[PDB]
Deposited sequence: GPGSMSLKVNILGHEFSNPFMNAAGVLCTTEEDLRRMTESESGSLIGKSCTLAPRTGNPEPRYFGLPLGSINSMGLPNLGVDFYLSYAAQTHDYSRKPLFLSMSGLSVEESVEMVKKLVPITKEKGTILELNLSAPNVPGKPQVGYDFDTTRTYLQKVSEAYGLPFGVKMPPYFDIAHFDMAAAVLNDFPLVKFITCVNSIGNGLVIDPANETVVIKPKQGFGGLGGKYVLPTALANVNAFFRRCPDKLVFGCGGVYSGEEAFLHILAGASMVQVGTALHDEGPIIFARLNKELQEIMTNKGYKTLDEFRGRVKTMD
């Protein structure tokens, strides 16, 4: 069977990639992702200038997933642009970059710098609209960001969206996104935002920033992610959907693809296991496809049955 995905002119060996934020902040991280069995990789959501991020502790591994308030620690746009122009081996896998300016102006200035590298190297942009006020939760601000970034970048790009939990919100988000033809992929989803974990032994929160409030990832998010994937697969047929959330196995990948996902992103589980996970995910998805008699992902993508 084939795990290949053919999108934006590129051939991906498999649908699997890292979720933005995990094993993607430094050059060592990026080499490790490139040397992995992953089909692609994405860089840490970057800012115009370097950020060191939030105070410690800011990450807590849970039995059911993860909580985090990292604070967008990143080496700055110039670092990721340089990796994309001079360091990355595009013969290994295609490269994506996440940009998370804390204002539309910052995002425009960054996006402008990427244009020449995309043209020469094929580096794909994922605009983050779900950085912990979340842009995805204001449909007016979202339109402004897509307007301004579409004009500045002038090239195909995608968007990391916050999870929606309302059918009307799926509709309202789809209506904005469908007014922007340069948005070719929608990544669903970012962390379930602003959760609180408390340790019963010390009666204390487990992360220092934001009084313990942090984004939830892992097993807590699979149902939410699958829903967002399917809702945007159906409402945005002129676009691709990338799945992110709750993937620990080939089974969860299969479910993401069945819901409509082209690429599948792994976060918490990759934070837990390391890049060796990509080799397990390829093997498990292959086994599932072999058992169901699917020869390509295209035979079942978005083909989830309803009653």
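- The chain's deposited sequence has unresolved stretches at 1-4, 137-141, 317, with no C-alpha coordinates there.
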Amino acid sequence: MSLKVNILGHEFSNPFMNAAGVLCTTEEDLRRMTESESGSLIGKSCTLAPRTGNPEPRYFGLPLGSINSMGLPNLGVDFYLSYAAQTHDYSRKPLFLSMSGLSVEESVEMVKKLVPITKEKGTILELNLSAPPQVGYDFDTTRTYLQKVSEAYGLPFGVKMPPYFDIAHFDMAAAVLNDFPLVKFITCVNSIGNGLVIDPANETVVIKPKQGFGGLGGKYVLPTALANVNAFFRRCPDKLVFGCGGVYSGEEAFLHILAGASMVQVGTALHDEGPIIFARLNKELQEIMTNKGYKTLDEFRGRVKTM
From here on, numbers count along this sequence of modelled residues.
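- Look at the mean CA B-factor for 228-236 and for 148-156 in the entry; the higher one is 148-156.
- As listed in the deposited structure, the average C-alpha B-factor of 86-94 and of 212-220 is greater for 86-94.
- When the modelled residues of the chain are ordered by C-alpha B-factor, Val115 sits in the highest third.
- Ranked within its chain, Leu285 lands in the highest third, by CA B factor from the PDB record.
- Sort the modelled residues of the chain by CA B factor and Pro163 lands in the lowest third.
- When the modelled residues of the chain are ordered by C-alpha B-factor, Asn18 sits in the lowest third.
- Ranked against the other modelled residues of its chain, the C-alpha B-factor of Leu177 as given in the entry falls in the middle third.
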